[PDB]
Amino acid sequence: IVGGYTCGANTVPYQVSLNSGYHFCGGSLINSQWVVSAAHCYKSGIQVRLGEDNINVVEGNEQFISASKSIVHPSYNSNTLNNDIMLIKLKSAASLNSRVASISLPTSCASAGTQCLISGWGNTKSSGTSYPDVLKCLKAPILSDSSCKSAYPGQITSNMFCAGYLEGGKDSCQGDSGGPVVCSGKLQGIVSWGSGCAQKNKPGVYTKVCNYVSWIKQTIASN
Ligand SMILES: CC(=N)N1CCC(Oc2ccc([C@H](Cc3ccc4ccc(C(=N)N)cc4c3)C(=O)O)cc2)CC1
Ligand SMILES: [Ca+2]
């Protein structure tokens, strides 16, 4: 997260860290046994780490659970990043409490202007690389479809939305991928892509979760 702030230990209880010997992607806990992330985060040998703040020190409250199966959306396209969504089933159900809790799926899509909270352990620099120990947060509004498509001509599908600041300086970045975009207590987006990080007129692009609620529910029910 570039231009964000330190969230505070366990203040984003649904935030998950995907680990394979190091943090590589974020995710959101949607129930005791399922996590939603980005399809481009797919990898074998994924350990889901819940209740994390400092990802390098064991501070208490952490729950490490192996992924039993990762389900990449069947229509995911790796070049366009359309349908960039993946469901991860935990080997065992997580112990939900004050510091580890699930986030609700939306019943309707969010409108332009809606303020949302984006979080992650991704790169904190626009020019260069600097990864944080603790979780970073950023409040950003959903932009209009017009501005989104003007920024990324011919690259925005109906399953994507832009969020952020056109003036640059505040944005999600590499490492934040798969993480949550929560608006009014509902998971509306998943960190997907963008051109660089926190660049002028190049806001972040996110997977539009409201378009996948039926798919998520049907898939979870059959697995
Ligand atoms: C051709 C086309 N339709 N598109 C859309 C999808 C695709 O977008 C992508 C896909 C991957 C990449 C990465 C780097 C990367 C990875 C994760 C990111 C997450 C968030 C942000 C952001 N600025 N909000 C930027 C990121 C930039 C890389 O360089 O490895 C960058 C753009 C290419 C451009
Ligand atoms: Ca740690």
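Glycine also receives a Cβ, built like all others from the backbone with ideal geometry; neighbour counts cover every protein chain displayed. No value in this document is a laboratory result; all are computed from the given coordinates.
Things to note:
- Sequence of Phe64, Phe24 once ranked by neighbouring C-beta atoms within 10 Å, starting from the fewest: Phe64, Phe24
- Cβ-defined net charge surrounding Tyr42, 13 Å radius [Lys, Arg +1; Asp, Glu -1]: +1
- Rg to Rh quotient for segment 79-160, alpha carbon positions, Kirkwood Rh: 1.00
- Environment charge of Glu52, counting only residues whose C-beta is closer than 15 Å and scoring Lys/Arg +1, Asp/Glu -1: -2
- Hits among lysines - C-alpha to C-alpha of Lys170 under 19 Å, sequence gap 8 or more where chains match: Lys125, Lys136, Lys139, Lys200, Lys202
- The spacing between segment 178-213 and segment 45-96, judged by their C-alpha centroids, is 17 Å.
- Local net charge near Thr219, Cβ-Cβ under 12 Å (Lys/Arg +1, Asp/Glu -1): +3
- Coupling constants for segment 130-139 follow from the phi torsions by the Karplus curve (6.51 cos²θ - 1.76 cosθ + 1.60, θ = phi - 60°), and in residue order they are 7, 9, x, 8, 9, 5, 9, 10, 8, 9 Hz; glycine and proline get x.
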